[PDB]
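Taking the form deposited without the named molecule, here's one chain by itself in structure tokens.
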């Protein structure tokens, strides 16, 4: 471990050398404003503050214009000719947010622009030079030159010795264990590619040793029916410790051991493993210790150039049927062998390589040379497709390194929203230094948003009972390489989340009349914090808070008593910061639901379908606590139904009247109704595919602009289970009347269109969810959960039949009032 850590640190300094503090492109010192490229790149109004002008210039821009020419248009308003105006010295930033628009991207591609348009709120930018932009987070020269802190040989293929090891003892047993358990045993399993190579082997059941209740001694030899020369390089031994009660046996802990170390040497001699149960226990397994070191050597390369082969059409039809399948999921055994034999015909369809590798008959050393030979004459995959190659089922390091090399094509903006799965895929790298971790660290060096999100994600990952140590090394590398500016900023944000969490705990423990007073008094400590510190908001680190608005702070009087934290912007050009902080309930599953909704939205927008979706932020900042974006001027459907229900008996006019009071004019009410149509279509498709069937008056929320969204994702992937529901007031808003109109047909067409656009990306959604399996969410625990989503996506069906299917889902959701529609 120490020597692996040292080699890791050497490599990481080598990675640092490639990001000097002088290069502004990779060391900007500011956040980049996020972008999601949208097709068909319509006009909007933008107001731009300019130095020397008392009023900002306001003018109409083409949504499809790049930020560069928009800067020049703003410069043209103030100068008659740009001959001696330093045009390249200028940037645009969002008013009140320390994020900079990206020059080479369309104004319409930027998320801030897109939200403002959905919102119809003022686009308020500011023109300045790089010199005036805050670059406090930038790395110094100091940081660059600082160090990072966190005899004979036998080739393995010639090694005939059985794999064998002696499970010797476990040291450190607790008093609670001695009282509750008589005896103990280990179950030993041997795995590669996340799959058992053989039946697991169970040890004898022994009690605590004589005159030692902290010691469990087995001194037992365990032999597996395999030789050293048959072990894949990435073979892992799993030891799970069990306790049989004295008064079913229950699992006390688990350790894993790689059979080869990061330098290809076979594990030899005594080896100590550590398992935690809350405390640390030490297992000792003794491996054989011959007079020679055994090293793994990969088979030697095949050089081949493979256009020159048979053809046929009974076979070629079946083959292209396999290639265009949704995924490798559920691929039958016959299909696997058929594809494997025909694999060299597939070379002009790169994104089917994961199917091909999943159809390999085995990963025996002898069969590796022909796989490797294929892999290095294979075309580049698209990054999203290469995700599958980083899942558990592909442990081979050539495969994974090659997948990371294909991943390098992905943009930072796309990668930012996929980081959770990458952090999880770290668990399938057996060694500390890997292509993948260096890729992630490299991206975090060149982009502050990626570094910030990686920070918070690794910080959750630390609570893993099995992988926490590895994540500590990775997080220490991120913090080391990030520089002192970023480090002190993250420290301020960490202290802020701790202080806010303390306030929330005190508020919940307090009750009734002594609760808001407890709030106000407990916020004193955070007020002190701001008195000595200006702090970036962890949810959106481009917002700088200087002070707490103690007056507007309150609680929501709901389950888990959430805090409404109101903060003063440090920028006068910006507006208040309002975030909810919540303690008690686990926000990671809400984060996964939100991320899936965001990815569906991205997919739609890339195909030119804008369903006007509400995409709000949520950040787990610890064990069962975090902070959540607050969508302004929105209320739950029941709240609307009942506040209307005191004045009316109409059954179906509450939502329409609610929207009418905030959109009185006819143009404004039609616009709000249209927003409702589109956002509701998006919500229905998401409800069905992601299996969120807990929808009810309290779960669905509606914004005064007319946009509908979800806020609670308690039953997520609950496909056990009218998938969604369309009560009559929603139908009234969509129709505009009490009878069906062409607006309902537009809603049905929008739903089916979006549904098919997601069915086309079934592989991405299956891969994005399986990569989250090992994160430990209660109800994404197996590949079976993925099967339910795939069945919902109906992969085999055509787009036309899928349209028919979803249309009848809609009319099922309409219930009794579905008689009135065609």
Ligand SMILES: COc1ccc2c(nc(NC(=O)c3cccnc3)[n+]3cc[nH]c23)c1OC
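Residue numbers count along the first chain shown, from 1.
The same protein has a further form, the form deposited with the named molecule bound, not shown here; the description that follows concerns it.
> Though only this chain appears here, would residue 460 touch the named molecule in the bound PDB entry if you measure heavy atom gaps against 4.5 Å?
Looking in the bound PDB entry, residue contacts with the named molecule do not include residue 460, since no heavy atom lies within 4.5 Å.
> Does residue 582 make contact with the named molecule in the bound PDB entry, using a 4.5 Å heavy atom cut-off?
Answer yes; at least one heavy atom of residue 582 falls within 4.5 Å of the named molecule in the bound PDB entry.
> Is residue 396 close to the named molecule in the bound PDB entry, meaning a heavy atom pair under 4.5 Å apart or at it?
Looking in the bound PDB entry, residue contacts with the named molecule do not include residue 396, since no heavy atom lies within 4.5 Å.
> Answer with yes or no whether residue 635 is in contact with the named molecule in the bound PDB entry, where contact means some heavy atom within 4.5 Å.
Residue 635: contacts the named molecule in the bound PDB entry.
> Can we say 384, 418 and 439 each have a non-hydrogen atom within 4.5 Å of the named molecule in the bound PDB entry?
Judged in the bound PDB entry, none of 384, 418 and 439 sits within 4.5 Å of the named molecule.
> Give me the residue from 587, 169, 425, 432 that has a heavy atom within 4.5 Å of the named molecule in the bound PDB entry.
It is 587 that has a heavy atom within 4.5 Å of the partner.
> Could you tell me which one of 77, 650, 340, 556 places a heavy atom within 4.5 Å of the named molecule in the bound PDB entry?
That would be 556.
> Which one of these stretches, 355-363, 745-753, 203-211, 706-714, sits within 4.5 Å of the named molecule in the bound PDB entry when only heavy atoms are counted?
Of the stretches listed, the one contacting the partner is 706-714.
> If you look in the bound PDB entry, which residues in 615-653 sit within 4.5 Å of the named molecule (heavy atoms)?
Heavy-atom contacts within 4.5 Å come from 616, 628, 629, 630, 631, 634, 635.
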